[PDB]
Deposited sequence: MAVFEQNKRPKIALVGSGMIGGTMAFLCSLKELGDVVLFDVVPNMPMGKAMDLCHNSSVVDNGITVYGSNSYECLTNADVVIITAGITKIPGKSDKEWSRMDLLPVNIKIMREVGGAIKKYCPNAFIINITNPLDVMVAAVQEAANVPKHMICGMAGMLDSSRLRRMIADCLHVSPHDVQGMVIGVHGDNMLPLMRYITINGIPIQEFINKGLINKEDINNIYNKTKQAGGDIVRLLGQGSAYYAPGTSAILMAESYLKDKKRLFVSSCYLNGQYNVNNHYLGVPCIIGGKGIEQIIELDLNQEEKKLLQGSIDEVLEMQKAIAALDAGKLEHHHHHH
């Protein structure tokens, strides 16, 4: 137990790499709560925590960030945000080349949650997002409404930024959603884009944006993650992903009831049967408080089935792995 007892929320970051550090920085700056940076790399999270305790002093608050290499640091966590995983193959892009490895990490993490903080609200980030969140849930056995995956907020923010830059309006007033799988089949819902509730079609008809811009933004949204990977040279995005996850955690901690496209457990909704998918939901002090079911048209249902199939395809790969079908002995 690292969290010294006090009034503040206790935020446990399982994974202290690029995104974990970003999120700890945000907690310090926002005075959101005390933080533990947990990692398997020895001492590295203690170095970042020390830097971030200094940062709190820079901005005149006493938020404490702890570093830990022990799962027992999860004791009394109110929120757990997971970025744990192996993210590069030794010797040398897809959100799936390391699934066999990271599925096992997700199950150690889930078991740690079950043991040390079974009542926490859990946000997963580790890719492939929609099946990794399920792996955590099964190992942790937390209620379905107390766990989700961060992806839609990030994908939606990229759609919204591009519309905003095109129209010269604040992103504050661009409503936009990307649903489905956090992957190649992600579905930017171009029909549901609004400018302060005004359908984007009205702006199309006025000549403020044209159908070519719309089509390019649809494509660029799906490509944004890979575009960032290519430019960075090493690793993937971490600023916008960390802030997206932290806003979701803040909505839970302060009962804001804000709406986030998040990977949620569905049984019935969206033609999804007992697995996760990026859909609009409401996050408040009771966890996932509402799942909103859009009135998608036939074309959109067709596109969304591409996302659902991508998730199902991944479930079967995981079934095969767990069943031992993909390996054999020397003999």
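Subject >> In sequence order, the deposited-sequence ranges that have no modelled C-alpha atom >> reply: Several stretches lack coordinates - namely 1, 94 to 97, 337 to 338, in sequence order.
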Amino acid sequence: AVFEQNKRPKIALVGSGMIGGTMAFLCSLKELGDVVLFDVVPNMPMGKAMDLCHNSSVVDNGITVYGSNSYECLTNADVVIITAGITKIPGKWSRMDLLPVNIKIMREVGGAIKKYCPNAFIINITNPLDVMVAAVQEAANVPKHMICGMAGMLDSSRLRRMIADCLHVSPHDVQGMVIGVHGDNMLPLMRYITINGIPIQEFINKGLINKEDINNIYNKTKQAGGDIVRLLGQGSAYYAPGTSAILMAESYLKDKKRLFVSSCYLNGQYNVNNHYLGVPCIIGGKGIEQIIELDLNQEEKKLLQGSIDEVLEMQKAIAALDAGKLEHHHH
From here on, numbers count along this sequence of modelled residues.
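**OP:** On mean C-alpha B-factor from the PDB entry, just flag whether 254 to 262 or 228 to 236 is the higher one.
**Re:** Result: 228 to 236.
Subject >> Stretch with the greater mean C-alpha B-factor as recorded in the entry, comparing 183 to 191 against 155 to 163 >> reply: Higher mean C-alpha B-factor: 183 to 191.
Original post:
Whose C-alpha has the highest temperature factor in the PDB entry: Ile123, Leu247, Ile209, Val169?
Top reply: Of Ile123, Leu247, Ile209, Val169, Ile209 has the highest C-alpha B-factor.
Original post:
Which of these, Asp51, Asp295, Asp39, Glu31, has its C-alpha atom at the highest B-factor, as the entry lists it?
Top reply: Of the options given, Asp295 has the highest CA B-factor in the PDB entry.
Subject >> Assigned third (lowest, middle, highest) for the C-alpha B factor of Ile291 >> reply: Within its chain, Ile291 is a middle-third residue by C-alpha B-factor, going by the deposited values.
**OP:** Could you tell me which third, lowest, middle or highest, the C-alpha B-factor of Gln137 occupies within its chain?
**Re:** Tercile = middle for this residue's CA B-factor.
Original post:
Lowest, middle or highest third: where is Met96 by C-alpha B factor in its chain?
Top reply: Top third by C-alpha B-factor.
Subject >> Chain thirds of CA B-factor: placement of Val279 >> reply: Ranked within chain, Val279 CA B lands in the middle tercile.
Subject >> Within-chain third of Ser57 by Cα B-factor, per the entry >> reply: CA B-factor rank for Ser57: lowest third.
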